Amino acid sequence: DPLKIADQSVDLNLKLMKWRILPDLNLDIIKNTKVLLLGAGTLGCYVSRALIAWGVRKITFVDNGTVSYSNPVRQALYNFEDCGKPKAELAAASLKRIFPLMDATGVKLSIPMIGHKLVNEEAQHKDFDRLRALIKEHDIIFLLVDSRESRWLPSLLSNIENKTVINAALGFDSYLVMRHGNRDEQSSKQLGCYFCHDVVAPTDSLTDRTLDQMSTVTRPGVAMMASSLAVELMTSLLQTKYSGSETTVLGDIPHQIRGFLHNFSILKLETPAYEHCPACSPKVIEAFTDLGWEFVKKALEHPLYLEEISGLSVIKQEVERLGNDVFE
């Protein structure tokens, strides 16, 4: 039957990569990786298209949104007729329309955002619990959301549950693709996360800033480049490393990638986990470990509390006490 043939044809295409080109390639590990996509926008759609072509069978979209009239040209699982409908479940249905064997699921779930008042403590407690369970259930988490503050809670929960996070983010003509570090019990080495590179706790960036539509005002090329690199980073990362290097059968496994369209460039970068980071600092980890949701609810409503806990307040006070000479 047609579906069996589809299944065998995609399977053969993949097998040939191993048989004919890279005998050491592990295809099974990729096929069986359960993927959670946080965000079903331009990134979530393009990332999912790259994953299914690599043979990934289980993809779960999390998005609380609906399809807008401007979306289909940029968000590649939606059509004009879809406008107004809930995104996440449509994205899942769209994947199955491409390849009906997909275990594709969609969940209309809001991620609690740091810096925003809790509107309904109980309902958001449930959102938190649901998010933690989805994270725990899956193997690789793509962080593909659309603000600074939306990246905080998922970064923390993924670190807590010891899952690999691939975080991708866009600007008008540039992009960032990185893998977050994880905690190693014996090794004192750990790679940076998205929040390790500045010195402010994430907070409400949205209630204030006008022009809603600017978050999708980007050169169309950036979403496609970022999405494709994020997936290829995942496939390489899933391979075993060669003995004396940071490379696999698929090549490099960079910590961090930043690309720019204006000069057609790509930089490979690496940063260590920062002791005062408001997401991955050991003090923040410790606070979560002690109180769980009772700590998180405090941080959600009081971002400055994170700066106290992680030590950011200390290093900034030190600059305040310098005196009038880091100027003219």
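Residue numbers here begin at 1 and follow the sequence given.
Enquirer: Going by the B-factors listed in the PDB entry, is the mean over the C-alpha atoms higher for 185-193 or for 80-88?
Expert: Taking the mean C-alpha B-factor of 185-193 and of 80-88, the larger value falls to 185-193.
Enquirer: With reference to the PDB entry, specify whether the mean Cα temperature factor is higher for 315-323 or for 301-309.
Expert: Comparing 315-323 with 301-309, the higher average CA B-factor belongs to 315-323.
Enquirer: Using the temperature factors in the entry, find which of 71, 228, 210, 167 has the highest value at its Cα atom.
Expert: That would be 210.
Enquirer: Tell me, please, which of 48, 265, 42, 289 has the highest C-alpha B factor according to the deposited entry?
Expert: Going by the entry's C-alpha B-factors, 289 comes out highest.
Enquirer: When the modelled residues of the chain are sorted by Cα temperature factor, does residue 55 land in the lowest, middle or highest third?
Expert: Within its chain, residue 55 is a lowest-third residue by C-alpha B-factor, going by the deposited values.
Enquirer: Rank-wise, by C-alpha B-factor, drop residue 241 into the lowest, middle or highest third of its chain.
Expert: Its C-alpha B-factor belongs to the highest third of this chain's values.
Enquirer: Ranking the modelled residues of this chain by C-alpha B-factor as given in the entry, is residue 100 in the lowest, middle or highest third?
Expert: Middle third.
Enquirer: State the tercile, meaning the lowest, middle or highest third, of residue 124 with respect to the CA B-factors recorded for its chain.
Expert: Its C-alpha B-factor, which the entry lists for residue 124, ranks in the highest third among residues of this chain.
Enquirer: Using the B-factors in the PDB entry, rank residue 214's C-alpha atom against the chain and give the third, lowest, middle or highest.
Expert: Its C-alpha B-factor, which the entry lists for residue 214, ranks in the highest third among residues of this chain.
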